[PDB]
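Participant: Handing you a structure now.
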Amino acid sequence: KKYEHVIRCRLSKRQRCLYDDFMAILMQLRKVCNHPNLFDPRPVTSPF
Amino acid sequence: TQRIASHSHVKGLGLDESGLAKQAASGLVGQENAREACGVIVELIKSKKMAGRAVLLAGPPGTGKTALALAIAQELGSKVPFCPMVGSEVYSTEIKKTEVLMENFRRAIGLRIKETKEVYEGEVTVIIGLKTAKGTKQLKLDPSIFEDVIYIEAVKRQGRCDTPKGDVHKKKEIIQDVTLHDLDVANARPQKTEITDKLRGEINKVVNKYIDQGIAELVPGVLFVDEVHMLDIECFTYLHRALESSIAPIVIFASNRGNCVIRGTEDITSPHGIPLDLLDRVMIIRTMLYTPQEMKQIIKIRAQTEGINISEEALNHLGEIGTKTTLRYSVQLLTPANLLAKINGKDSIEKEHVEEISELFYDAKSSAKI
Amino acid sequence: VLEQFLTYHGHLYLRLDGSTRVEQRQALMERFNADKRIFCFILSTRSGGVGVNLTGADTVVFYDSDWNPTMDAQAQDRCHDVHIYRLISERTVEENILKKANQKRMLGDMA
């Protein structure tokens, strides 16, 4: 016999700041809600 | 939450759209004339047309001119640079006396630079073949660089481990803000005293060549200068030429004492420690005198802001002890009274708690009487 | 993104994607027997449901909504110990997304 386990997760502060920045292509909005793939959360390696 | 911030009760200036200064707005309740004076100053900063003007602040010690400068700096935000400096910071031993006031006008002015650069994300192979998820391309590599991504501007190794997708050549637009004194230090220090012919001659011409066409963007800064009544007369001599210039940004001065003796001549007195040739070249701003109703109001606003709810009797005791000796003593009676309420277990602070704390700690006038 | 995360834990894994060649897929599929220091196996939704896969795989953990009817029903057919774990965000729009996905899967199963 096998069963399923339901585990619900929470969000963070920068993600909710991004959700505030959205309403401030509809298919591109669905990808960020899972993981921030379009925007860059990293201060990425930039040569000065 | 970082509780350490001293002057904290500030959201902005609180000026309305119709030009009227609202009293109960943005925390700083009071000083209507200073806000109506700085409403023209913030427009002078925002318009970015006229520059090289001095604004002197005067009044009793403890009128909140530092909170006013912080309110101006928070209205301007992170776009407009804000450089604070006191009068004792310009003095040094190995650094000459006429070097800090020279470099303040360069560290105040900022420049927005947008540059397009490339990144080669090649993996493994002087001929170095850069392998990607698209293909391999060979490049002629310099004999200087010998020892994942690299730095191609004018060499980060590894980056992966399997024994990194993307194209071979890329592009990206880096948008940064560089001050002119950072440009001067980078000129002096390749991969301190600035010589005049480079700092005034060539750097201004090459910044004009960057603005010259589309690229960058020049943003002036705000130089806050405190402790001017105890500054040397040679710094005043350089400041007279500093105000007589078209490339100098806006400088807000702050004076504390009423009358002083100028350090350097040690014989002549002067109001607010400033000679007549420099006091003619400033914009005099005068603060007002505190009332006990506004005193109790600002103590209540500071207490409600930080962490503390106070009943009416202890607020009356704080207002009386601020009317008698010191407002900042009434500021400092907040946290040990809260600690005594946490020790005794009270959720609020009564009259007995602030009475015992005022019995323990002493004043300045009370120490002068002893 | 997952290759940027999972390589900083001190473990080595492989790829099973929809961009490699067919002979590369065969050379990778011939090298899953008796793996060393490998506990995770990466598949996909379109290029992962091609056909015969590994039989000893357990602990199926899903990450995102598939936005297609009858997707996890094939996973339940292939798995039938295996525990199913899903990522559900709280107080978001994705609850109605999961409800609509469950309605589409029920309409696909009852058809």
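Using the numbering of Swiss-Prot, the residues shown for chain B are 12-136, 157-178, 189-195, 200-208, 224-251, 268-446, in order.
So this one's electron microscopy, 4.0 Å, going by the header.
Just so it is clear, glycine is given a Cβ too, placed from its N, Cα and C backbone atoms.
Among the features that Swiss-Prot reports, ATP binding site is placed at B:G70, B:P71, B:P72, B:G73, B:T74, B:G75, B:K76, B:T77. Annotation source Swiss-Prot lists SUMO1 cross-link at B:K225. Per Swiss-Prot, SUMO2 cross-link is recorded for B:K225, B:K445, and the stated evidence type is a large-scale study or a structure entry.
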Participant: Can you check which residue among the binding-site residues B:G70, B:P71, B:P72, B:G73 has the largest number of Cβ atoms within 10 Å of its own?
Facilitator: B:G70
Participant: With H, G and I counted as helix, E and B as strand and the rest as coil, say where DSSP puts B:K76 (ATP binding site).
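Facilitator: Where B:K76 (ATP binding site) sits, the three-state DSSP reduction gives helix.
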Participant: Which one of these binding-site residues has the most other Cβ atoms within 10 Å of its own Cβ: B:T74, B:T77?
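Facilitator: That would be B:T74, with the highest Cβ count within 10 Å.
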Participant: With a 10 Å radius around each C-beta, find which of these recorded positions (B:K76, B:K445) has the fewest other C-beta atoms nearby.
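Facilitator: Among the recorded positions B:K76, B:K445, the lowest count of other Cβ atoms within 10 Å belongs to B:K445.
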Participant: Could you state the whole-number distance in Å separating the C-alpha atoms of B:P71 (ATP binding site) and B:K445 (SUMO2 cross-link)?
Facilitator: 22
Participant: Taking the centroid of the Cβ atoms of B:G70, B:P71, B:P72, B:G73, B:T74, B:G75, B:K76, B:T77 (ATP site), which other same-chain residues have Cβ within 8 Å of it?
Facilitator: B:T363
Participant: According to DSSP, which of helix, strand or coil covers B:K445 (SUMO2 cross-link)?
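Facilitator: DSSP assigns B:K445 (SUMO2 cross-link) to helix.
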Participant: Report, as a single number, how many Cβ atoms besides its own are within 10 Å of the Cβ of B:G75 (ATP binding site).
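Facilitator: I get 20 for this one.
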Participant: Does DSSP give B:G70 (ATP binding site) helix, strand or coil?
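Facilitator: Coil, per DSSP.
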